[PDB]
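Here are the chains, one letter per residue:
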Amino acid sequence: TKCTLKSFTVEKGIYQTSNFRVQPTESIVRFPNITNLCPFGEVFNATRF
Amino acid sequence: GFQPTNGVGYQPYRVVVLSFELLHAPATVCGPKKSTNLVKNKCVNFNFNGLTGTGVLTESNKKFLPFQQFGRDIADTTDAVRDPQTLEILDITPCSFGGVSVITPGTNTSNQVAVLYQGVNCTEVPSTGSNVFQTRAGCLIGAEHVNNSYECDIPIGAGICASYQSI
Amino acid sequence: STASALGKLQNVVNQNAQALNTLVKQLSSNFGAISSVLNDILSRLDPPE
Amino acid sequence: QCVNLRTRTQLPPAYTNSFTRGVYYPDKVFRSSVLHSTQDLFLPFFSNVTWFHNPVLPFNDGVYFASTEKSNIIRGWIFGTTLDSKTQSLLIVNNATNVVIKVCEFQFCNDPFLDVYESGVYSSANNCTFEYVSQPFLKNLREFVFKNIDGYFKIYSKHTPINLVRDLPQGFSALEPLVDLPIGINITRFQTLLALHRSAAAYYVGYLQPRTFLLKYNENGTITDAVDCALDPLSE
Ligand SMILES: *[C@@H]1O[C@H](CO)[C@@H](O[C@@H]2O[C@H](CO)[C@@H](O)[C@H](O)[C@H]2NC(C)=O)[C@H](O)[C@H]1NC(C)=O
Ligand SMILES: *[C@@H]1O[C@H](CO)[C@@H](O[C@@H]2O[C@H](CO)[C@@H](O)[C@H](O)[C@H]2NC(C)=O)[C@H](O)[C@H]1NC(C)=O
Ligand SMILES: *[C@@H]1O[C@H](CO)[C@@H](O[C@@H]2O[C@H](CO)[C@@H](O)[C@H](O)[C@H]2NC(C)=O)[C@H](O)[C@H]1NC(C)=O
Ligand SMILES: *[C@@H]1O[C@H](CO)[C@@H](O[C@@H]2O[C@H](CO)[C@@H](O)[C@H](O)[C@H]2NC(C)=O)[C@H](O)[C@H]1NC(C)=O
Ligand SMILES: *[C@@H]1O[C@H](CO)[C@@H](O[C@@H]2O[C@H](CO)[C@@H](O)[C@H](O)[C@H]2NC(C)=O)[C@H](O)[C@H]1NC(C)=O
Ligand SMILES: *[C@@H]1O[C@H](CO)[C@@H](O[C@@H]2O[C@H](CO)[C@@H](O)[C@H](O)[C@H]2NC(C)=O)[C@H](O)[C@H]1NC(C)=O
Ligand SMILES: *[C@@H]1O[C@H](CO)[C@@H](O[C@@H]2O[C@H](CO)[C@@H](O)[C@H](O)[C@H]2NC(C)=O)[C@H](O)[C@H]1NC(C)=O
Ligand SMILES: *[C@@H]1O[C@H](CO)[C@@H](O)[C@H](O)[C@H]1NC(C)=O
Ligand SMILES: *[C@@H]1O[C@H](CO)[C@@H](O)[C@H](O)[C@H]1NC(C)=O
Ligand SMILES: *[C@@H]1O[C@H](CO)[C@@H](O)[C@H](O)[C@H]1NC(C)=O
């Protein structure tokens, strides 16, 4: 209050000093089900090259 | 002329070369996206299917059509989302915030004050200090609630105010 | 019975609501930039750019 | 079996009135009991929609297709520029079990027709790039909207039980999004396919223009009414 009012004495009343905000805790990432894999199996494990 | 005994230099080696092309057509192959689990009733930041934002998530009861992904109420502010895996509607609420104010009886008299958080429910204050009161104007810490009624000294709001006796 | 008698108060409320609505609507304009979301620009460009 | 039958059988190219048909959901956003104005490619109200009852019609920049039908003689569609193997071509076909979409350089017969004795329309097929199989699309009115933008082919569809005798009804129904395809292609003309047995059908075609519309969303997010801004001063 003294800092915002810039004085060493404060008169009777109510003063607004600052704000208040809740902070986030963690992060969440969601995406659809993983499927339709590329067919690398039949290329690398092909019998004949 | 491959033979079982030819040393490392003459062994047959299988070679596969991968070349990546970015023609102007839209991309059709991308790596796995990966995902985490779901939390609720906590102020977190989320990245639902590319839609990012902060807030607190609750279970809702809206009825999306089988093809919408998210909804907005008015002035283009998102309110509801659909999780890509479970396929249920979740509601987003901005994390609580507001101004703070100090009530003092004047440095001339004493130097004990009270704190008021404006428009903030008395559930997430921080800390504790002294007895805490919940009013239609917000939450108040550091004053005692009485049952009498006098002339108004320091107007607080919603028809209530404080004075000095303690505060 | 008759309505529209309290025109002035309704007009004041409508004007205030409309002003707030257009103020909050103004938050979705590029102003000649490349996007309207801060996070997209932060994650799609080098900070000096 | 690449044969030819005739040049014409009835040739009724006529015009009729669109009334207030051809509305589709512009995006995947949910809104409840609100009024929203949006600018996009639509079919103007009370437009002049062409009716046939079979040449290579132009595509321009979007197509609205309608057909009242029973026993679904119409099968699918063909899209492309030169309609030969010198450029990529799109084909959509349907049978009793699945819908098939292909993107290849075909050599279509001059008079495509399927019959049964899923080939015979294309004399060759090579350099195939995109394939897709899904659940089949199809007295009853079938409405479709075809759009192509930014290498994306969008299809909206709707089915309606009607009993009106001749033309489109004086109703209103939004068109739900159906299919999106990520293929780069330059569609400019298109053609319709009929699997008529060895022994010519009514369908309506309209075009789309960019304009602004006003839409009403009810409490459940369904579109119930629309207003075309540039129709008359009252609408403005
Ligand atoms: C080719 O086959 C081998 C043999 O199964 C694969 O190697 C296995 O990979 C799995 C994971 O996918 C591991 O759990 C096994 O331990 C591996 N076994 C051996 C002997 O290496 C290999 O992944 C296949 N190649 C491709 C490209 O899929
Ligand atoms: C994504 O995969 C998960 C894992 O299988 C699916 O979760 C299961 O869904 C079935 C569908 O009825 C349930 O019977 C199971 O109990 C679920 N498993 C759980 C909850 O552990 C999920 O449905 C998939 N999402 C899709 C396909 O969109
Ligand atoms: C501050 O938050 C609490 C916790 O949600 C609120 O208490 C809820 O009040 C509603 C309505 O009376 C009840 O249905 C819930 O069961 C209560 N929850 C709990 C945990 O008690 C409280 O009402 C909020 N403060 C204000 C002023 O609304
Ligand atoms: C309908 O069209 C499909 C288009 O391919 C025909 O082909 C069958 O498609 C299913 C679905 O993938 C496959 O499981 C079958 O193996 C395909 N058949 C063959 C011979 O490859 C299908 O036969 C057609 N059905 C009818 C009744 O006309
Ligand atoms: C066969 O298909 C391939 C794959 O799309 C074509 O190759 C590309 O075609 C596009 C379309 O003009 C070009 O922009 C690319 O530069 C081509 N890339 C390569 C590596 O060729 C090909 O043109 C098609 N036709 C033939 C005869 O091969
Ligand atoms: C679709 O058509 C456009 C124009 O009709 C093609 O754009 C041309 O692309 C070539 C090679 O990139 C350029 O040399 C030309 O100058 C472009 N023309 C114009 C008018 O911009 C585009 O390549 C075509 N795409 C396909 C897949 O056929
Ligand atoms: C919009 O959704 C509501 C909520 O489901 C629908 O109201 C239900 O409609 C069914 C079918 O007539 C009734 O069996 C239920 O009793 C209704 N529930 C309630 C709480 O009234 C409503 O029909 C939907 N459509 C419209 C136009 O409102
Ligand atoms: C408070 O004010 C009174 C008069 O205004 C003065 O006499 C007294 O000394 C003051 N007390 C302080 C400054 O502590
Ligand atoms: C007096 O105050 C207490 C707590 O401050 C409250 O519970 C009570 O209802 C009030 N009134 C009476 C008559 O006790
Ligand atoms: C369509 O245009 C023809 C002239 O080409 C006209 O005779 C007919 O009335 C029009 N139909 C409308 C505007 O519904």
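Residues numbered from 1 in each chain as written, not as in the entry; some residues may be left out. Chains lettered and ligands numbered in written order. Part of a larger assembly, values for the part shown. Heavy atoms only, no water.

**Description of the overall build of chain C**
For step 1, the next point in the chain: Helix and strand counts for chain C come out as two helices and zero strands.
For step 2, the next point in the chain: Its C-alpha atoms give chain C principal-axis dimensions of roughly 65 × 15 × 10 Å.
For step 3, the next point in the chain: Split into buried and exposed, the 49 residues of chain C put 2% on the buried side.
For step 4, the next point in the chain: In the structure as shown, chain C presents an accessible area of about 4600 Å², 59% of it carried by carbon and sulfur atoms. (Helix = DSSP H or I, 4+ residues; strand = E, 2+ residues; numbered from the N terminus. Buried < 20%, exposed > 50% of the residue type's maximum accessible area, 1.4 Å probe, protein only. Areas by Shrake-Rupley, 256 points an atom, 1.4 Å probe, with all protein chains shown as cover.)

**Brief notes about the overall build of chain B**
For step 1, the next point in the chain: Helix and strand counts for chain B stand at zero helices and eleven strands.
For step 2, the next point in the chain: Scanning chain B from its N terminus toward the C terminus, one meets helices and strands in the order β-β-β-β-β-β-β-β-β-β-β.
For step 3, the next point in the chain: Taking 15 Å as the expected radius of gyration for a compact globule of 167 residues, we find that chain B reaches 31 Å, considerably beyond that expectation.
For step 4, the next point in the chain: Taking all 167 residues of chain B together, the buried fraction comes to 30%.
For step 5, the next point in the chain: Total accessible area computed for chain B in this model is approximately 11500 Å², and 53% of it derives from carbon and sulfur atoms.
For step 6, the next point in the chain: Both charge centroids of chain B, one from 10 positive and one from 12 negative side chains, sit 17 Å from each other. (Rg over C-alpha atoms; globule rule 2.2 N^0.38 Å. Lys, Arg positive; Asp, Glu negative; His and termini not counted. Charge placed at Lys NZ, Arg CZ, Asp CG, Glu CD.)

**Section: the sheet that holds strand 2 (residues 27–28) of chain A**
For step 1, the next point in the chain: Ordered in space as 2(A)-1(B)-2(B)-5(B)-4(B)-3(B)-3(D), the seven strands form an open sheet in which the pairing is mixed. What marks the edges here is a single partner per strand, and that holds for strand 2 of chain A together with strand 3 (29–30) of chain D.
For step 2, the next point in the chain: Two strands pair when backbone bridges link them, and strand 3 (residues 70–72) of chain B and strand 3 of chain D are joined in this way by two bridges, in the parallel orientation. If you follow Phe 70 of chain B over to strand 3 of chain D, its bridge partner there is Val 29 of chain D. (Pairing = 2+ DSSP bridges.)

**Concerning the environment of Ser 89 of chain D**
Residues and elements named next belong to chain D.
For step 1, the next point in the chain: Mapping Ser 89 onto the fold places it in strand 9 (residues 89–94).
For step 2, the next point in the chain: A relative accessible area of 1% places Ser 89 in the buried class.
For step 3, the next point in the chain: Not counting the four nearest positions on each side in its chain, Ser 89 is found in contact with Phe 79, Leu 83, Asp 84, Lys 102, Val 103, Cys 104, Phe 106, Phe 108 and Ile 185. (Contact = heavy atoms within 4.5 Å.)

**Quick word on the site of ligand 4**
Residue and element names in this part refer to chain D.
For step 1, the next point in the chain: Around ligand 4, the structure places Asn 95, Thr 97, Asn 98, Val 100 and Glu 118.
For step 2, the next point in the chain: One nitrogen or oxygen atom from the side chain of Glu 118 is found 2.9 Å from an oxygen atom belonging to ligand 4.
For step 3, the next point in the chain: Looking at side-chain class alone, the shell around ligand 4 contains one nonpolar, three polar and one charged residues. (Near = heavy atom within 4 Å. Polar contact = N/O pair within 3.5 Å; in protein donor to acceptor, adjacent residues only side chain to side chain. Nonpolar A, V, L, I, M, F, W, Y, C, P; charged D, E, K, R; others polar.)

**Some remarks on unusual backbone geometry**
Residues and elements named next belong to chain D.
For step 1, the next point in the chain: Of note in the backbone geometry, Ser 33 takes a positive phi value of approximately 50° without being a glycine.
For step 2, the next point in the chain: Within the secondary structure layout, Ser 33 lies in the loop between strand 3 and strand 4 (34–42).
For step 3, the next point in the chain: Given a relative accessible area of 53%, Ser 33 falls into the exposed group.
For step 4, the next point in the chain: Even without being a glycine, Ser 71 presents a positive backbone phi close to 65°.
For step 5, the next point in the chain: Its location among the elements puts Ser 71 in the loop between strand 7 (63–69) and strand 8 (74–80).
For step 6, the next point in the chain: We classify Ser 71 as exposed; its relative accessible area is 58%.

**With respect to the arrangement of the chains**
For step 1, the next point in the chain: Of all three pairs of chains in contact, the one with the most contacts involves chains A and B.
For step 2, the next point in the chain: Nothing in chain A touches chain D, and the closest approach of their C-alpha atoms is 14 Å.

**With respect to the UniProt feature "disulfide bond" in chain B**
All names here are of chain B.
For step 1, the next point in the chain: In textbook terms, a disulfide joins two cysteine sulfur atoms at less than 2.5 Å, and UniProt's bridge between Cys 43 and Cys 95 fits this description with an S to S distance of 2.0 Å. Of this pair, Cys 43 sits in strand 1 (residues 43–48) while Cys 95 sits in the loop between strand 5 (89–93) and strand 6 (97–104), and the two are 52 residues apart along the sequence.
For step 2, the next point in the chain: Residue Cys 43 is classed as buried on the basis of its relative accessible area, which comes to 13%.
For step 3, the next point in the chain: Take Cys 95: its relative accessible area is 17%, and that puts it in the buried class. (Disulfide = S-S within 2.5 Å. UniProt positions renumbered as here; feature names shortened; annotations may be inferred.)

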